[PDB]
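Fold and geometry: a report
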There are 14 protein chains.
Amino acid sequence: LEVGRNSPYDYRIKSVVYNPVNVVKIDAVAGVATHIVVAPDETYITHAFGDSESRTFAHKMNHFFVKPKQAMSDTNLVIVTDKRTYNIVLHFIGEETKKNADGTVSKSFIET
Amino acid sequence: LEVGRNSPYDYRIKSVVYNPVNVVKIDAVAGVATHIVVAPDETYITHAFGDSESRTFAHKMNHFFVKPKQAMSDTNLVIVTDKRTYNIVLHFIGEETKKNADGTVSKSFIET
Amino acid sequence: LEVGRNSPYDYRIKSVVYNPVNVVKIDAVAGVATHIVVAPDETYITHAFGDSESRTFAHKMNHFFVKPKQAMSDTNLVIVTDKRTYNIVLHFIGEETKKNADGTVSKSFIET
Amino acid sequence: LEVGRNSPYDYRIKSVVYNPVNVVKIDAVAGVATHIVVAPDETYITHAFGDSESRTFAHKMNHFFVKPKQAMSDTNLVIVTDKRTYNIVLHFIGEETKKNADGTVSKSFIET
Amino acid sequence: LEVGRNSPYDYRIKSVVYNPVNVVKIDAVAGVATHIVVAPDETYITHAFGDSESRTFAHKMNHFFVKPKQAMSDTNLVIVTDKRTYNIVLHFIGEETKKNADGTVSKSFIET
Amino acid sequence: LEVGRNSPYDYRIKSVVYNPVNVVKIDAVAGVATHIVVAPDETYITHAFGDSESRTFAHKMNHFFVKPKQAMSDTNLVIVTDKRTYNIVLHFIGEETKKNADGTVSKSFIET
Amino acid sequence: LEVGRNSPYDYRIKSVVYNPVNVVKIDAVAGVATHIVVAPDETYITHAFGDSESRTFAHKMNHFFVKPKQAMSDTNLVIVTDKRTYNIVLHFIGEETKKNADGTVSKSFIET
Amino acid sequence: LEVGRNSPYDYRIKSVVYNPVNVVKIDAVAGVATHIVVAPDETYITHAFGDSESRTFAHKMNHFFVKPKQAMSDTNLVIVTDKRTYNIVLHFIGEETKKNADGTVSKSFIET
Amino acid sequence: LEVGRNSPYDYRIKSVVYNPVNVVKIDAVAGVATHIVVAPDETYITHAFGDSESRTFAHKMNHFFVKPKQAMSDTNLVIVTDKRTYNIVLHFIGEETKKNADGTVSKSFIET
Amino acid sequence: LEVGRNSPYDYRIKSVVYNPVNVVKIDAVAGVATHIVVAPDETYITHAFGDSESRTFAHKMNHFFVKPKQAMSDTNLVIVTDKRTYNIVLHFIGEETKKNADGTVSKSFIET
Amino acid sequence: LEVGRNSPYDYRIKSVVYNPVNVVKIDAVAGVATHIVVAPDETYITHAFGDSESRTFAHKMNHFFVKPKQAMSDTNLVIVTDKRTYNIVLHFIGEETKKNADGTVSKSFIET
Amino acid sequence: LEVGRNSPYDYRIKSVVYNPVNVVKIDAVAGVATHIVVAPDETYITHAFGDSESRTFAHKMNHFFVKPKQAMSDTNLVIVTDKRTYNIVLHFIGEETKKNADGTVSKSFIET
Amino acid sequence: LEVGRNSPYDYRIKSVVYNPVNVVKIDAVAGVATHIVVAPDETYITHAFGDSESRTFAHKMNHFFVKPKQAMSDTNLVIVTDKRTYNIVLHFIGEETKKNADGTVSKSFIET
Amino acid sequence: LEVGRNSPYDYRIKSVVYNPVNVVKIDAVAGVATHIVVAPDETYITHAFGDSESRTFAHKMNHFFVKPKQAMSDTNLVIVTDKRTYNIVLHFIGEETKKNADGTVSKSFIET
């Protein structure tokens, strides 16, 4: 939506539709105060993800993973957010009867 | 009715009758704060559907599905709302003794 | 009575007697905020019928049915209200000991 | 009494005695807010009868019946009130120990 | 007493003694708001009798009966009050131990 | 005493002694608001007697009886009060142990 | 004492001693509001006697008895008070242990 | 003491000693509001004696007895008080253990 | 002490010592409001003695005894107080364990 | 101490030491409001002794004993206080465990 | 300490050290309001000792003993305080576990 | 982040990304009021670590270890913070289901 | 510390270190309001010791012991405080687990 | 830190690092209001140590030990604080699971 999403959505909206640049599909298991993830390069300001406070640590490339695992369920929360370029593919299917996490996303993210 | 329906109906009204352009038949299992769906191209503003927060994700065409499934019942909530052109056919028959969902709709939707 | 009946009757009155044009016999199982049905062509404003929120959906002719079924009983609530011309024949006999629904009506309705 | 009786009697009074024109014998099982029945031709304003809200529906002649049946008892509540001319014959004998309904009336009614 | 007796007596008084014209012997089982019966020809105003609200209905002559029967007991409440001339003979003997109804009356009544 | 005795005595007094004209011996079983009986010819105002509201009804002569019977006991309450001349003889002996009713009276009464 | 004794004594006093004229010996069973008996000829005002409201009724002479009997005991309460001349002899001996009634009196009484 | 003793003593005092004229020995069983007995000839004012309200009644001489008997005990309460001359001899011995009544008196009493 | 002792002592004091004239030894069983006994000749004012209200009655001489006996015990309370001259000898020994009454007195008493 | 000791000591003090004249040894069982005993010749003012109100009565000499006996114990309370000269010897030994009464005194006492 | 010690110590202090004149060793079982003992010759003011109110009585010499015995224990409380010269030797050993009374004193005491 | 981090993070943020100089990875089991560790050379101000108050004590080099061990679990909390140069490698894996401590850090730290 | 220590320490302090003159080691079992012991020669003001109020009594030399024994334990509380010169050696070891009394002191004390 | 540490730390801080002069390592089992130990030479002001109030007493050298033993555990609390020079070596290992006392210190301390 805006630069910094800064939003609990509350849930999905009038996603300001775009070309894939500014807006990214931040969604996947989320909630844990993520203003926006991706953009801007200025302070989102920052997010926790996975409704946890774990996140991956090794560096993939320049841009490099993070991956809170939420529950025991499949919780491949990635946010390769370095602030270089940026590729991540989320999916989600936890407690099968959930608040539909099923659909999965991918994020592109140029800052440039 | 108006541009943005913006309404809980409360229930069906003096649907401002038309040619099929502006007003669409948004109805089907609904409730989950859908102002209007379809029109306008300006902010409806947006809807949840299916009284859920699931919705389809793949892209059909340009205009492309979304489909919250409400209950376990037959809940083919489609809103192919892209904002290109637009075709969707809803029907509804859940808990057979319901608040008559039986009758089913179709939506046309040119923005043009 | 008036243009828009706009009334819970409360019950039948000094029905402003007429030729069959303006006033129609709206009666049959009713209650669910029907201001007036039929006339005017301007906003009645609108009615629910059948003390439900079901109503028929196919289009008969131009003017075309609607038919909330109230209970399980015989509840042929028709209001073919299109706003073309208009023919409907109601009858009523539900829970035999009711608040006499027995007598049945017919509605004419020219707007012209 | 007056033009529009407009009265719960409370019960029978100094019935303004007449020739049978203006005043009619409205009595029989009554109560259900009947101002006056018969006269005037202007708004009585209107009555329910039979302490019910049933009334006959077919048209006898121009002037034509109405007949709420009160209880299961003999309740031939007629009010052939069209506002043409007007003939009706009431009688009453319900729960034999009642508030004497026994005596029965007849109504004439010219408006002319 | 006065023109319109207009009185619950409270009970018998200084009955303004007369020739039988104005004052009549209204007494017999009474109570049910009878102002005066008989005279005047102007509004008594009116009476119920018999402590009931029954009264006879056929027309005897011009002046013609009315006869609430009070209880099951002998309750020949007559008031032939037409406002022509006027003859009635009351008697009373109900629950033998009563508030002495035993003595019985007769009413004359010229208005002329 | 006075013209109209108008008194509950309270009980017997300084009966203004007389010749038998004005004052009469009203006494016998009494109480039931008898102002005075007999005199004056103007409004006593009136009495009930016998502590009842029965009284005799036939006409003896011009002046003519009345006779409330109080209890079952010997209760020959007479008041032949017409307002012609006037003769009555009371006696009293009810519940033998009473408030001495034993002594009995006679009333003369000229108005003239 | 005074003209009208007018007194509950309270009990016997400084009986204003006399010749037997004015003051009389009113005493005997008394109490029942006797102001004075005997004198004056003007309003005592009056007495009940015998603590009852019985009193003798026949006429002895001009001056003539009265005799409330108080209890069952010997209660020869006489007051021959006519207001002519006057002779009476009281005595008293009731419930033998009483408030000494034993002593008995006689009354003279000239008014002259 | 004074003219009218007028006193409950409270009990015996500084009896104003005398020659036997004015002051008399009133004592004996007393209490029942005796101001003074004997003197003066003017209003004592009066006494009851014997703590009763009995007193003797026959006339002895001019001056003549009175004799309330108090209890069952020896209670020769005399007060021959006429207001002529005057002789009485009291004694007292009731409930032997009493408030010493034993000592007995005599009264002289000239008024002269 | 003073003329009229007028005192409850409270108990024995600085008895104003004397020659035996004014002050006397009043003591012996006492208490019952004796101001002073003996002197003065003016009002002591007076005493009861013996804590009773008995006292002797015969006359001894001019001056003459009085003798309340207090209890059953030896209670020779004498006060020969006439107001002539005066001789009395008290002693006391009642309930042997008492408030020492043992010691006994004698009273002289000239007024002269 | 002072002239009139006038003191509850409270207990023994700075007895103003002397020659044996003014101050005397009043002590022995005491308490019962003895201001001072002995001196002065003016009002001590007076004492009770022995915590009693007994005291000796015979006269020894001019100056002469008094002797309240306190308890049953040895209680030779003497105070030969006449106000002549004066000799007394007290001792004390009552309830052997007492508030030491053991020590005994003697009193001299010239007033002169 | 001061002239009159006048003190509950509270307990031993900065005893103003001396030559043995002014200050004396008052101590031994004490407490019972002893201001100072010994000095001054002016009012200490006075002491009780021994926490009692016994004290010796015979006269030793001019200066002469006093000796309250406190308890049953060894309680040779001497204070030979005459106010001549003065010798006394106290010791103390009562309830062996006491508030150390063990140490014993001697008092000198010149006033001179 | 800032010079002195001075922060409870609250948890990881928009870590002001850097070259490894200023910001260090302070993280590992922490909480116990660590403002910042490492930088600045000015007052962080200081930290506790390990959520304890233990820390290593020997000196490694100039810059030299500290190592609170938190729980029993693997708690190699090092902070070689001397303020020379600085090398430390943390890791963490305590209660395996923890608040992910798993990922481990390393700190560089030039002050220069 | 100061001249007069005047202190509950509260416990040992910055003992103003000295040569052994002014400050002395007062310590040993203490508490019982000892301002200072030893110095000054002016009012300490004074001490109790031993948390008792016993103290030795004989005189050693000029300067001479005092020795409250506190408990049953070894409680050689000496304070040879005369105010001449002064030697005392305390030690302490009472209830072996105490508030360490173990260490023992010695006091020097010149006033000079 | 400062001259007088004067601090409960609260716990270890930004120990103002030094050469070993001013700041000393006061630590070891402590708590018992130690402002600073060692420096300054001016009033720390003073400390208790060992969370006790024991401390060593003999003099080692000029500068000389003190050693509260805290618990039963190894509690070699030394503070050789004389204020000469100064050497002490603390260690600590009490209740093995403690608030890490394990690490041990040494103190240097020149005042010079």
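Rules of the game
Residues numbered from 1 in each chain as written, not as in the entry; some residues may be left out. Chains lettered and ligands numbered in written order. Heavy atoms only, no water. Salt bridge = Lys/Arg side-chain N within 4 Å of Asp/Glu carboxyl O. Buried < 20%, exposed > 50% of the residue type's maximum accessible area, 1.4 Å probe, protein only. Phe/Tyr/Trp six-rings, centres within 6.5 Å; stacked < 30°, edge-to-face > 60°. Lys NZ or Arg CZ within 6 Å of the ring centre and 35° of its normal. Contact = heavy atoms within 4.5 Å. Buried area = accessible area lost by both parts, 1.4 Å probe. Polar contact = N/O pair within 3.5 Å; in protein donor to acceptor, adjacent residues only side chain to side chain. Nonpolar A, V, L, I, M, F, W, Y, C, P; charged D, E, K, R; others polar. 1 Å grid on protein atoms, 1.4 Å probe; cavity = no way out; pocket = protein on both sides within 12 Å on 5 of 7 lines; lining within 4 Å. Points joined across faces, edges and corners; volume = space filled by probe spheres on them.

Going by what the PDB entry lists, chain A is known as TRAO and is assigned to Escherichia coli. In the PDB, the structure is listed with the title "Atomic model for the N-terminus of TraO fitted in the full-length structure of the bacterial pKM101 type IV secretion system core complex".

Things to note about the pattern of salt bridges
All names here are of chain E. Applying the stated criterion across every chain yields a total of 28 salt bridges over all chains. Between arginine 84 and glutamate 111 there is a salt bridge, with the nearest N and O atoms lying 3.5 Å from each other. Classification of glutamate 111 by relative accessible area gives partly exposed; the value is 34%.

Structural notes on the packing of aromatic side chains
One pass over the structure, following the stated rule, counts 28 aromatic pairs over all chains. Their ring planes at 70 degrees and their centres at 4.9 Å tell us that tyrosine 9 of chain D and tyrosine 11 of chain D sit as a pair that is edge-to-face. Judged by its relative accessible area of 32%, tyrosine 11 of chain D falls in the partly exposed class. The residue whose ring lies beneath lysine 67 of chain K is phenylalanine 65 of chain K, and the NZ or CZ to ring-centre distance is 3.5 Å.

Observations concerning the arrangement of the chains
Contact between chain B and chain I is absent, and the least distance between their C-alpha atoms amounts to 103 Å. Spatially, chain A is disjoint from chain K: no contact exists, and the shortest C-alpha separation is 72 Å.

Section: the interface of chain A and chain B
Contact with chain A, which involves 8 residues of that partner, is made by 7 residues of chain B. Counting each side, the surface lost to burial between chain A and chain B is near 720 Å², with a carbon and sulfur contribution of 68%. On the surface where chain A and chain B come into contact, there are 0 salt bridges. Linking chain A with chain B are 1 residue pair in polar contact. Broken down by class, the residue content of the side of chain A that touches chain B amounts to 3 nonpolar, 3 polar and 2 charged.

Re the interface of chain N and chain L
Residue-level contacts link 8 residues of chain N with 7 residues of chain L. Of the roughly 720 Å² buried at the junction of chain N and chain L (both faces included), carbon and sulfur atoms supply 68%. The interface formed by chain N and chain L holds 0 salt bridges in total. At the surface where chain N touches chain L, the tally comes to 1 residue pair in polar contact. Its residues assigned to classes, the side of chain N that touches chain L comprises 3 nonpolar, 3 polar and 2 charged.

Things to note about empty space enclosed by the protein
Unfilled space is identified by rolling a water-sized probe across the atoms. Per the counting criterion, the structure on display carries 1 cavity of 30 Å³ or more. Within this model, the largest cavity holds a volume of roughly 30 Å³.

A word on unusual backbone geometry
A cis amide bond links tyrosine 9 of chain A to the next residue, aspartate 10 of chain A, at an omega of 25 degrees. One non-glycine residue, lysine 83 of chain C, lies in positive phi territory at about 105 degrees. Relative accessible area serves as the criterion here: at 15%, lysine 83 of chain C is assigned to the buried category.

Brief notes about the side chain of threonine 34 of chain M
All names here are of chain M. With relative accessibility at 11%, the residue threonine 34 sits in the buried group. Among the polar contacts listed, one links the side chain of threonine 34 to the backbone oxygen of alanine 48, at a separation of 2.6 Å. With residues near it in sequence (within four places) discarded, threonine 34 still touches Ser7, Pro8, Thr46, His47, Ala48 and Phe49.

Details of the environment of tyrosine 86 of chain J
Residues and elements named next belong to chain J. Under the relative-accessibility criterion, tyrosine 86 is labelled buried at 1%. Considering only alpha carbons, one finds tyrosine 86 and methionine 61, 25 residues apart in sequence, at a separation of 9.5 Å. Setting aside chain neighbours within four positions, we find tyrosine 86 in contact with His63, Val78, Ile79, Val80, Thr81, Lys107, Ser108 and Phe109. At a separation of 3.1 Å, a polar atom in the side chain of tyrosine 86 contacts the main-chain amide nitrogen of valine 80.

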